[PDB]
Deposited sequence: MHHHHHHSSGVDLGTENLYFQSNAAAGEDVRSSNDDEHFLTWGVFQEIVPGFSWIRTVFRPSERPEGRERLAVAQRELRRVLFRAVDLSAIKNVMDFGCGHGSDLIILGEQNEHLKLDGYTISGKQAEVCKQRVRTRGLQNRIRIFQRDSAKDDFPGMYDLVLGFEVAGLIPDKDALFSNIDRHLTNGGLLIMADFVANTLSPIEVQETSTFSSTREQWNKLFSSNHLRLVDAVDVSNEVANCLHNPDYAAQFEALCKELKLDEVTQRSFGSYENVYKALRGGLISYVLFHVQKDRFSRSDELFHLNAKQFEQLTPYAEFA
């Protein structure tokens, strides 16, 4: 549903990789009472950076020129890439006008306005502005209903052999896409799944609730405009294997048969690497 992602429709807007449960850590208190306990904010930021370390595991940024972030949040991913790699040109789309304002300000404050452009545009309806070597979607695609249009937009603006990296959910069997649904989206848009890391255990550790029942409910009443009661369902689903949080590494393959992309992608979807076994 809508309680799957860090935010529904360093300022990262994703869950993080917690190798283990941290006693006392509350993502809810950390996000909505951030002044009260500083160590929580820092632990969460480290975990969101660890998510990104794994997401980028195979990417050689020295080799890439152009980057598209199709749901760019507050622009932190574009800013970090731009600051650390002076040759990159980067574009971001967000459907939020407020986020676009923040992104533009943060880009200019970092002196990156000559290399990063931000647009308030819809990645399923508005063509990306250029051709890209690297496309980022970290907790974005699941929020976009018209995934066929999104993946056509990705394909049409990705150079052959270009890379798509995503953080998103897999339904292991209605809302999140199953393996077969993801495979249809990739295979019908010239995309091969190269490698995927399953961080479900570690995202669940991030979501672990340290407040006992009555205390948690009292906290959520003081906070009153979200509904925090449903996040327990996401935690239970990740613990039980009903859904997985997956870090996808995908390559554009313009010259392969679509049925053979599907055949190879299905095999790769059976080879997901748990983060605990990743190195």
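**Student:** Tell me, which runs of residues in the deposited sequence have no coordinates at all?
**Tutor:** Comparing the full sequence with the modelled residues, the uncovered ranges come out as 1-14, 24-36, 201-210, 262-266.
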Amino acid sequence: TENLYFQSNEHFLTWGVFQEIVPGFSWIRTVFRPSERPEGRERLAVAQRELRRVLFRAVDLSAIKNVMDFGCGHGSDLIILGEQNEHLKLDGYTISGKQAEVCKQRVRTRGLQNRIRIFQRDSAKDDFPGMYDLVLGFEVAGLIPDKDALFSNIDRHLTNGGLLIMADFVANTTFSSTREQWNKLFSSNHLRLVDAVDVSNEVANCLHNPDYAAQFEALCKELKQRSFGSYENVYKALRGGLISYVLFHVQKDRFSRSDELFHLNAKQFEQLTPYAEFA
From here on, numbers count along this sequence of modelled residues.
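**Student:** So which stretch wins on mean C-alpha B-factor, 205-213 or 88-96?
**Tutor:** Looking at the recorded C-alpha B-factors, 205-213 comes out higher on average.
**Student:** Hey, which bit's got the bigger mean C-alpha B factor in the entry, 22-30 or 35-43?
**Tutor:** Taking the mean B-factor of the alpha carbons in each, 35-43 is higher.
**Student:** Highest Cα temperature factor in the entry, among the options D253, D69, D60, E222: which one is it?
**Tutor:** When the deposited C-alpha B-factors of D253, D69, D60, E222 are compared, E222 is largest.
**Student:** Which one of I64, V234, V54, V246 shows the biggest C-alpha B-factor in the PDB entry?
**Tutor:** In the PDB entry, the greatest C-alpha B-factor among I64, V234, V54, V246 is found at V234.
**Student:** Quick check for you: using the entry's CA B-factors within this chain, is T109 in the lowest, middle or highest third?
**Tutor:** As the PDB entry reports it, the C-alpha B-factor of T109 lands in the middle third of its chain.
**Student:** Would the CA B-factor of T14 place it in the lowest, middle or highest third of its chain?
**Tutor:** As the PDB entry reports it, the C-alpha B-factor of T14 lands in the middle third of its chain.
**Student:** Divide the modelled residues of the chain into thirds by Cα B-factor and specify which third, lowest, middle or highest, holds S188.
**Tutor:** Tercile = middle for this residue's CA B-factor.
**Student:** Test of reading the entry: by CA B factor among the chain's modelled residues, which third contains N172?
**Tutor:** Ranked within chain, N172 CA B lands in the highest tercile.
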